[PDB]
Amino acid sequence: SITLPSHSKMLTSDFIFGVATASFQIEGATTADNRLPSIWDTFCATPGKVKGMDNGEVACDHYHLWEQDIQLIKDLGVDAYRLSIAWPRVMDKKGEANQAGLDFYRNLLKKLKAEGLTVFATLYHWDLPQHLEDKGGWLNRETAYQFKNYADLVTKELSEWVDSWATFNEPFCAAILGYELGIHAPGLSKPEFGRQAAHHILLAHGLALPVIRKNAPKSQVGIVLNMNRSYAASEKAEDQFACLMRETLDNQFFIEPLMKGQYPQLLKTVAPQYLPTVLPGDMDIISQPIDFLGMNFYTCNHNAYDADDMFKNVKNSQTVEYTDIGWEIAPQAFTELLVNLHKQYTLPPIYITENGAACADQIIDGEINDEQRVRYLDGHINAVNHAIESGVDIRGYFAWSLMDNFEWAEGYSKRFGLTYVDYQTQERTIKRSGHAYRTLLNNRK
């Protein structure tokens, strides 16, 4: 089961529990209602980039099944639901509004609020329109101004039904996996590309902030970062260096510009090819105040010195448990990450906007006995409680994901849902972990 002490702050009305999804991972209907092609439509159609023959054309068919999926959200007992908006659906190539695309989100959001739910909406969850990538994508500074215009349109239409707006989900993935390592769409692989893409995404966040605050004055506005905990492979100084470099390029590179108006200064002497070209005034735009920080956490990593790359990712030298995607289960590292970031920065309030596990789930006798995921969620929910008791200001927790879905370059081969999906019939079946989550939430006195 999943349990907290009955005097935990997490079990009061000052704390919200939810579940999360993203547009391209669940919606399908990629050619309905003049939706434009996205960079992930192109990436799936490129041989070798996405597992097997998997693509996003059908996914969980949420574009058509949204009403029964709201009843599913109700059944799980959650306070809140986090989703993303698809930029390819809501405007055409000239920038004009696509009303059919907007109607999908109008009807979905109204129904969620009529059911009493709190709504978190992400504006950018990786589905960039391909026509913008044809002119350079996030390497073209103009893409940030295009994002401001998109944020302006969407928040004018949806302002009455959204409680919390996030500009971006996981700039590390969109910039570094997409343009530096070649793992995510569009798939370029140089640091000179990835680090300039990261600067233009943080610029786009800052350009949209004042527009979102003007258009939606009753909402909260922030950004969502992914952060995992980095360790040294041993006590040796060269492995301490490897760890420091991993954490500087993966985590500090994104939180330091937001909070302090600068990129990590040690890079000027260690590795200046990782610093972007910054125009006068850009850091003032990037570091404007935000109302909350979203944190996505899953795992830890271990780092050994490497002569060519500074660090090399290695396995824990001690015996530990791994999820089906190969990530170490380490809830103690979750508490450590939160407390250390709290000691480094003066932070806004935090929401855990994603936490979850991929498991080799099978439907047997009409049910899914996903005991690994039950233990994962129990451990990580108590790890958040330990961080709160240590003084970290955390106000909500969202499990990834509502349901099994398209997991990016792994395709459908990695299942993260609290709900199982049969893709051939589209039948949804709540797993043991979803039932344990619902029991935790419904027992709140």
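Residue numbers run from 1 along the displayed sequence.
- With 226 to 234 and 139 to 147 compared on mean CA B-factor from the PDB entry, the stretch scoring higher is 226 to 234.
- In this entry, 363 to 371 shows the higher mean Cα temperature factor of the pair 363 to 371 and 249 to 257.
- Per the PDB entry, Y322 shows the highest C-alpha temperature factor of the residues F193, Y322, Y81, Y298.
- Considering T277, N355, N169, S317 together, the PDB entry gives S317 the largest C-alpha B factor.
- Remark: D378 belongs to the middle third of its chain, ranked by C-alpha B-factor as recorded.
- For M91, the recorded CA B-factor ranks within the highest third of the chain. Only modelled residues enter the ranking.
- Annotation for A20: CA B-factor lies in the lowest third of the chain's modelled residues.
- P331: CA B factor in the middle third of modelled residues in this chain (values from the PDB entry).
- The deposited CA B-factor of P264 belongs to the highest third of values across its chain.
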